[PDB]
Amino acid sequence: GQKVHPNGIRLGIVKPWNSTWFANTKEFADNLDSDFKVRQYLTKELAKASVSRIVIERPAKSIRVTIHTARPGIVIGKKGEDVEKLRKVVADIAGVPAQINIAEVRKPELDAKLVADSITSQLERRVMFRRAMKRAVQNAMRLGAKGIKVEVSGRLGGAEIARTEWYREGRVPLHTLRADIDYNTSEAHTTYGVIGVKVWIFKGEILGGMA
Amino acid sequence: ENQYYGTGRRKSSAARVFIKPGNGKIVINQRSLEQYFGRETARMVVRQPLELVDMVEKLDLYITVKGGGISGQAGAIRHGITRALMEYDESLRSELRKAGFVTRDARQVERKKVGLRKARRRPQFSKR
Amino acid sequence: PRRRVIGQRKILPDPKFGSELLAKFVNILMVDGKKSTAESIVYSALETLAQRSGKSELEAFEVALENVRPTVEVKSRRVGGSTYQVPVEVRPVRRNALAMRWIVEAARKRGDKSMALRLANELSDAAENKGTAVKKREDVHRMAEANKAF
Amino acid sequence: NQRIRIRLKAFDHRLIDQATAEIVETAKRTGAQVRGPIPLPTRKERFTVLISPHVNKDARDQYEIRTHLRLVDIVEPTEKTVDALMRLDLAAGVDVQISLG
Amino acid sequence: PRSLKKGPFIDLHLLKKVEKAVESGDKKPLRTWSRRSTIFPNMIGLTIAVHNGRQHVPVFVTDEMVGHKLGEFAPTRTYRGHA
Amino acid sequence: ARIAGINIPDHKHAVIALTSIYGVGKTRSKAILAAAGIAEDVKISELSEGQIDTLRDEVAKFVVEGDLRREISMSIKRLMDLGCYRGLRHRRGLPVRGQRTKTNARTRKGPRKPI
Amino acid sequence: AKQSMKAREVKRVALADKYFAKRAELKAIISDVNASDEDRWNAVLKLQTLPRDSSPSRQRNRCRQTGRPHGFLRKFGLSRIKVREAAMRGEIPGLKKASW
RNA sequence: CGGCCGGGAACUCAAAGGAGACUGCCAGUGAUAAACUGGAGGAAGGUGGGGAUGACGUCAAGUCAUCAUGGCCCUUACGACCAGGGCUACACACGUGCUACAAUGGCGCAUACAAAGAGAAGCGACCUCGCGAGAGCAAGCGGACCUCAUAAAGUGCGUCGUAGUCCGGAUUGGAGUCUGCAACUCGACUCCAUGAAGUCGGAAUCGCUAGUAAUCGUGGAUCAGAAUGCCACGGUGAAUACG
Ligand SMILES: [Mg+2]
Ligand SMILES: [Mg+2]
Ligand SMILES: [Mg+2]
Ligand SMILES: [Mg+2]
Ligand SMILES: [Mg+2]
Ligand SMILES: [Mg+2]
Ligand SMILES: [Mg+2]
Ligand SMILES: [Mg+2]
Ligand SMILES: [Mg+2]
Ligand SMILES: [Mg+2]
Ligand SMILES: [Mg+2]
Ligand SMILES: [Mg+2]
Ligand SMILES: [Mg+2]
Ligand SMILES: [Mg+2]
Ligand SMILES: [Mg+2]
Ligand SMILES: [Mg+2]
Ligand SMILES: [Mg+2]
Ligand SMILES: [Mg+2]
Ligand SMILES: [Mg+2]
Ligand SMILES: [Mg+2]
Ligand SMILES: [Mg+2]
Ligand SMILES: [Mg+2]
C-alpha cells in the first residue's frame, strides 16, 4: 500500500515548516513561485556544498534565507564573497532585499537529505548499492540515530528488471506521530536511468509537542 | 428575585432559560409558547420538565433560543429548563435524571465523506 | 450481527396519548422524516375511530392490534437443496410490529380519499375482521397449518 | 485621545499568542491600558486535491490553512506608547495591521 | 441571442466586402470564413461561399435569410445514415 | 360554455376551464378574467350570457385555436423551406435546440426502433 | 505541457495587459445607454479589430511549474500534484493535512 | 420600541489553556483469571461519535498526456503561427444520476426556525424602471461590521376530489436578458403558447445499523458565461437485526 509522507503528516506536531511567511490571497501565489525559484537556484548553485535545508522567511519587505549545510565554510567562501554573490542573486530573483544566514549541521550522517545525497553520489560513481546503503545505516546507527531505514529502488546494477531493496536498523515507528522521523528522498541519474533513494531516520519521541 | 439560569443545547441550538417564581408565563423570544412553537409535539416537549415536578403553574420562564430548527430548539429549551430547575432545587436531580432530561443528547450530524453521496450512502455498484 | 450483543432501541411515547405502541405506529406510518404529518394523520384517524366505536382511542387501537396480530409465521430452512417453510411462533414485540406494518400496508392500498380516513376504515375493518390485514393474518396461519409437517 | 486597534493575523497560534503577549506587556509597561486581545473567529480554508497522477477520482487529500486573528485595543495612548509599539519588532510570520480612530 | 441594445454583430472585413460588392455589382461569390456574421438586408440577392470547415459552400442570400447566420446556412457535419 | 369554437368544461372553475382553449394558459386565463371583472373561483356554469360574450371578446383579443395552429405550422414551414439548420432538423425529425442525440431524443424519435 | 503552449500563455498575458485601457473604454462606450448609434457601431467595429489575444477571456490558467491546464488552484498558482508535493515537503506556509 | 443608547462582564459566542472517562466503584458470571453482564454516579460508559493514519507483499494493475527519465524515431517536419470546423454526430447497446407517475399531494395567501462558506479586473446594498431574467445611479465591505442572502421542507386558511387531472414536465413556436471580439453548428436564464411518455416498473440487482437511511434546501472549487456532477453545510428524521 501507499504510505503518507512523514514530514507531511507531522507538520505542526513535531516538525516545522520550511516556509514561515504570511500572505493574503493576492500575494500567496507570487510568494510561492519566488520561494520555488530561490530554492531551485540555491540547490543548483550549492549542489556540491552539502546543503541540507533552505528555510525562507519573508519579513516585511525583505526575504531571509537560512541555509542548513554541513560545509558552512565552503558555502561562505573566502571572507564572505560567495555569501555576498548569493545574496545579490537571491535579491535579484525575489525583487526584495535578501539576507542569507548559514546554519551548520554537525552530524551529516543523521540528516536524511544528506544521507540520501551521499548514496545517490556513490550510485552515480557506480559504487555497489548494497554496500553504500549498508555503510550509511552503520554510520547513522554508530553516530546514535535511534533507528534508520534506507530504500533503493530501480534498475539496480543496470539490470533489465527493476526491483526495490531496503534495510532497516533499530526502530522506525512511522505511525507514531510524536516520533521524530527525519525523512527525505533523492534520485540518482545513472546510465541506465533513475534510481530512487529514500531515507528515514528516527531520532526519538518528542514528548512535549512544541509544534 | 433570583432568576435562576440554565443553558441548554441540542444539535446546533443553544438556549438560555431564566426561571423565576411566579405565574405560569412562558415568554420565548418575546412570543408565547404556541406562537413560537405551533407544533403541539414541540409544545409538549417544552412542557415535559415542568409537568414531571409539580411546579407547572408556579414558575415564570424567560427563554431565548438561537440556532437549529424546531425540534432542536425544543430540546435545547427542555435541557435549559432542566438545568435551571436543578439549580433552583437540587433535590429534583434524581427525578429529572431518571426521566432522562439531564443528559445532553450529543448526536450531531456526520460530515460528508469523499467518495460517498452522504455520510454513509455509497454510489450504486454494478458488477458489469 | 455474527458477534451479537445487538439490542432494541428505546422509543419515546406519543405526546397526546403517551403510548409506546402508538409511537411505534406513528414511526411505521412516517415517510421521509415527516413525523408531524404522520402524527396528524394518526390523531385524526384515532379521533374518527373514537367517533365510530366510542370506547377509547387507545383501546380501539389496541383492539385492532388484537385482531390483526399473527401468532405464528413461516421461516425458510433449506433442507434438501430446496427450502421448507417451517412455522415458528412470533415473540410479542414482533407480533405488534407485524400487525402495525400490515395495517399500514392495507391502509395505503385502499380506495378512500384521505389517508386519515383510509386508516380509520382499515382499523374498523380490522376490529370487525373484514380487512386486508385480517386477511393477511388468516393467510399466514393457513399456510402455517398447511406446512405444519416440516 | 482616540483608541488604536491592532489586528494580528498568523498561520500559527503560538506565534500570534506570543506576539500578542509581548504587545500587551509592553503597552501595560509604558503606561497605557489595553482592552484586548479579543480572539476573533479563525478562518479555515480547505482544499481537496486528487492525489493520483492519472486516474482514481476517489483517492483525495484534504488540506486546510487556519488563519488566526487577535485584536488588541490601546486606549489612552501615551505619546511614548505609539512609537514603543511601532518599535516592538514583532516576530516574523505575524501580519500586523494598525488602524486609528 | 445577442442583446438588442448592443445591436446585430457583423465582421468588419465581411462588411467591407459586401459594401464593395454592392457598390460594384460584382457577381463573383464572396468567399468568407465569418460564419458568425449576421445576414443584413444589404446582402440580399448575393452569393456567399461560407466556410463549413472543409470547403466554401455557396449560399444565395435572399430576403428571407435576414437575421440568420451564414453558419446557419452552412452545415458542418456530414451524415447519410447508419444503415 | 362554447368559446372560440370549443366547449369549455362546465363544472370546473373559470380559470382552469378557460385554460382548455388552445392558446390560453393559466396566466392568460387570469388576465382575461381580470379584464372581464369575473372571479376565478366561480364555476363556468354560474355565469350569465353577457359574461360569456365578454369572455368571447377577450379571447378574440388573442390569437387562439386554428389561427394559432396555422401560424405555428406556417412558421415551421418557413423554416423548412428556408433550408436553415433548424429547418433541416425539423425535416429530419431530430431535436432542434442542441440537445444530445447520442442518446435521449426519444420524444422526437418516437418509440424505440430496434435494428 | 509544451514550451509552445507556455509561450502562448505568456504572449496572451502580455497582449492582454497591453490593450487593457482601449478594451475597457470601447466596452464602456458600447454598453452606455446615452450613446449615439454611430458611436456605438464604430466602437463595436474597433473592438472587433483589436487583436483577439488581447481579451482576458482567452487566457487559461496554468500551473506555474509545469504548465498543466487542469486541476488549477488560484490560491497557490499550482496544479494539484505540485500543490501536494510542496505541501508534503512543508514549503507552503500553514497548509497541513485536515481532519475534522 | 430597533441592543437602539447610556451602560454591564451576568449569559449565548468567539478562541487559547486546562479538568473530565480509566472497567475507576459495587454485584453477579467466570478458571482463585483475562474478560463479560448489570447497577450507581456522571454531560458522556466501556474504542462515547467521526476523521486523518493503509504492515511485509499480490495484481509485469494505472499513468512516458502533470513531471522527470534510458532507449528508438522526425528535423523546410511527427516542430511553429493563423482562420473555420470537430471533440456536442445518431439506426442502436450499456453504466451512473436528475424529474415524475400524484391527495403523506398540486396551487394561492399569511407566517417561523439554520450552519458553513465566498468577496477587490470582486461581493454588490438602498432607491427608480421592467410581469421576469435584468437595467440605471450608487453606500459599504480585504469583512464576527458591508454584500452574496428571502432558506426549503414546516405551520395556519382556502381550493382542487382520483381524472392521464389544477399530476408530470419533455418537446416545439414567438419575444427577450446577460456574459463574451463573437452564443449558427454550440451557453445560461426569463415571459407567453403547446403539454410526449409516464398511473410504481421482468428476470435480476444496489445502498444502509442511528442523527444512519429517506427527504428539504444552502455554499464552494473550477469559472468572462456555462452543474442534475464533485466537495462541504445544516433542517425534519425512521424500520429492523430471531440468528
Ligand atoms: Mg492514502
Ligand atoms: Mg462517482
Ligand atoms: Mg448543451
Ligand atoms: Mg516538455
Ligand atoms: Mg476560460
Ligand atoms: Mg451505565
Ligand atoms: Mg492507529
Ligand atoms: Mg500492463
Ligand atoms: Mg486498477
Ligand atoms: Mg495502457
Ligand atoms: Mg483554432
Ligand atoms: Mg467528451
Ligand atoms: Mg471570510
Ligand atoms: Mg391518479
Ligand atoms: Mg402543474
Ligand atoms: Mg409555461
Ligand atoms: Mg399514455
Ligand atoms: Mg456497520
Ligand atoms: Mg441536494
Ligand atoms: Mg463562486
Ligand atoms: Mg461559474
Ligand atoms: Mg443531511
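First the proteins, then the strands, lettered A, B, ... as listed; each starts at 1. Heavy atoms only: backbone and side chains are in, while hydrogens, waters and symmetry mates are out.
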**Study point:** side chain to side chain contact (heavy atoms under 4.5 Å, CB included) assessment of F:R108 paired with F:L94
**Key:** CA-CA 6 Å; F:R108 299 294 299 278; F:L94 282 170; 5.8 Å; no

**Study point:** Check against side chain to side chain contact (heavy atoms under 4.5 Å, CB included), B:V65 and B:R16
**Key:** CA-CA 6 Å; B:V65 233; B:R16 316 176 320 120; over 6 Å; no

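Atom-to-atom, CG of C:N27 to P of H:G237 comes out at 10 Å; the value is rounded to the nearest Å. Rounded to an integer number of Å, the gap from D:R46 CZ to H:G51 P is 15 Å. For the pair F:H13 NE2 and H:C107 P, the computed distance is 17 Å after rounding to whole Å. Residue D:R7 contributes atom CZ, which lies 13 Å from atom P of H:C141 at whole-angstrom precision. The CZ-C1' distance, from B:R93 to H:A40, rounds to 14 Å in whole Å.
With its glycosidic angle within 90° of 0, H:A196 is assigned syn. Look at H:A100: its glycosidic torsion is beyond 90° from 0, and that puts it in the anti range. Look at H:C78: its glycosidic torsion is beyond 90° from 0, and that puts it in the anti range. For H:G142, the base adopts the syn conformation, since its glycosidic angle falls within 90 degrees of zero. Annotated as anti: H:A175, whose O4'-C1'-N torsion sits more than 90° from 0.
Among H:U222, H:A89, H:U66, the nucleotide with an atom closest to any side-chain atom of F:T101 is H:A89. Minimum atom distance to the side chain of E:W33 is reached by H:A83, of the listed H:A83, H:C186, H:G97. Among the nucleotides H:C81, H:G51, H:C90, the one closest to the side chain of B:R111 is H:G51. The side chain of C:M30 lies closest to H:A238, out of H:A238, H:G54, H:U155. Among the nucleotides H:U212, H:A120, H:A80, the one closest to the side chain of B:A119 is H:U212. In this structure, of H:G173, H:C181, H:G229, it is H:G229 that holds the atom nearest to the side chain of B:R117. When the nucleotides H:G62, H:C206, H:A80 are ranked by their closest atom to the side chain of G:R8, H:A80 comes out on top. In the set H:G117, H:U53, H:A182, H:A182 carries the atom at the smallest distance from any side-chain atom of E:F9. Which of H:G50, H:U53, H:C181 sits closest to the side chain of G:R58 comes down to H:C181. For F:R108, the side-chain atoms get nearest to H:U171 when compared with the rest of H:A182, H:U171, H:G207.
For the atom pair CD1 (F:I21) and OG1 (F:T19), the distance works out to 8.5 Å, reported to the nearest 0.5 Å.
Stacking annotation: E:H51 is not stacked on the base of H:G84 (requires ring centroids less than 5.5 angstrom apart and an interplanar angle below 30 degrees).
Judged by atom type and distance alone, E:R35 reaches the base of H:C184 through a side-chain donor-acceptor pair under 3.5 Å. Under 3.5 Å, the side chain of B:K11 and the base of H:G237 form at least one donor-acceptor pair of N or O atoms. For a distance-only test at 3.5 Å, the side chain of B:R97 qualifies as a donor-acceptor partner of the base of H:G42. Counting distance only, with no hydrogens placed and no angle test, the side-chain atoms of F:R97 and the base atoms of H:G173 include a donor-acceptor pair under 3.5 Å. No donor-acceptor contact under 3.5 Å links the side chain of E:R77 to the base of H:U185. Side chain C:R108 to base H:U104: a donor-acceptor pair is found below 3.5 Å. For H:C233, the base has no donor-acceptor partner in the side chain of B:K112 [N/O atoms by modelled type, under 3.5 angstrom]. Below the 3.5 angstrom threshold, one finds no donor paired with an acceptor across the side chain of E:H68 and the base of H:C184. On a pure distance criterion of 3.5 Å, no polar donor-acceptor pair joins the side chain of G:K2 and the base of H:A80.
D:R43 and D:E45 are joined by a salt bridge, as a carboxylate oxygen and a charged side-chain nitrogen come within less than 4.0 angstrom of each other. By the 4.0 Å N-to-carboxylate-O rule, C:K34 lies too far from C:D32 to be salt-bridged with it.
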Check your understanding: Which parts of nucleotides 13-21 of chain H does protein reach within less than 4.0 Å, heavy atoms only, written one letter per nucleotide 5' to 3' as B for base, S for sugar-phosphate only and - for none?
Key -> SSBSS----

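Note on E:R36: a base of the nucleic acid sits closer than 4.0 angstrom, heavy atoms only. Across all strands shown, F:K102 has heavy atoms under 4.0 Å from base atoms, whether or not it also approaches the sugar-phosphate. Nucleic acid contact class of G:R62 (heavy atoms, under 4.0 Å, all strands): none. Within 4.0 Å of E:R54, counting heavy atoms only, lies no atom of the nucleic acid at all. Within 4.0 Å of F:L68, counting heavy atoms only, lie sugar-phosphate atoms of the nucleic acid but no base atom. Using a 4.0 Å heavy-atom cutoff across all strands shown, D:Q62 reaches sugar-phosphate atoms only and no base atom. At a threshold of 4.0 angstrom between heavy atoms, the contacts of G:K97 are confined to the sugar-phosphate backbone, with no base atom among them. Among the protein residues, C:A97 comes within range of the sugar-phosphate backbone only, with heavy atoms under 4.0 Å from sugar or phosphate atoms but none that close to a base. If you check every strand for non-hydrogen atoms under 4.0 Å, G:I81 touches a base. Backbone-only engagement by C:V5 is indicated by non-hydrogen atom pairs under 4.0 Å involving sugar-phosphate atoms exclusively. Across all strands, B:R31 comes closer than 4.0 Å only to sugar-phosphate atoms, never to a base (heavy-atom distances).
Each of C:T37 and G:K75 was assigned the nucleotide of RNA chain H with the nearest heavy atom; the assignment lying further toward the 5' end belongs to C:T37. Residue order along RNA chain H, read from the 5' end via each residue's closest nucleotide, puts F:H90 first among E:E72 and F:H90.
For the pair G:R62 and G:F72, the cation-pi test (distance below 6.0 Å, angle within 45°) is failed.
Aromatic pair B:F18/B:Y5: centroids less than 6.0 angstrom apart. In this structure, E:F73 has its ring center under 6.0 Å from that of E:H68.
Residue-environment remark: CZ (B:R104) exceeds the threshold of 12 foreign heavy atoms within 6.0 Å. In the displayed structure, D:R35 atom CZ is contacted under 6.0 Å by at most 12 heavy atoms of other residues, nucleotides or ligands. For G:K27, the NZ atom is densely surrounded, since the number of other residues' heavy atoms within 6.0 Å is greater than 12.
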Study note, to complete from the structure: Parsed dot-bracket for RNA chain H after applying the Watson-Crick and G-U rules with both distances under 3.5 Å and | for other-strand partners is .....................(..(((((.....))))).....).......................................................(...(((((((.....(((..((...(((....)))...))....))).....)))))))......(....(((((((........)))))))....)..)............(((((((.........))))))).......

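If you take atom P in H:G105 and the same atom in H:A100, they sit 13 Å apart, rounded to whole Å.
Between the C:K24 side chain and the C:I28 main chain, no donor and acceptor come within less than 3.5 Å of each other.
Legend: residues meeting side chain to side chain donor-acceptor pair (under 3.5 Å) with G:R84, ordered by chain and number and at least two apart, are D:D61.
Here H:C64 counts as south. Its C1'-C2'-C3'-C4' torsion is negative.
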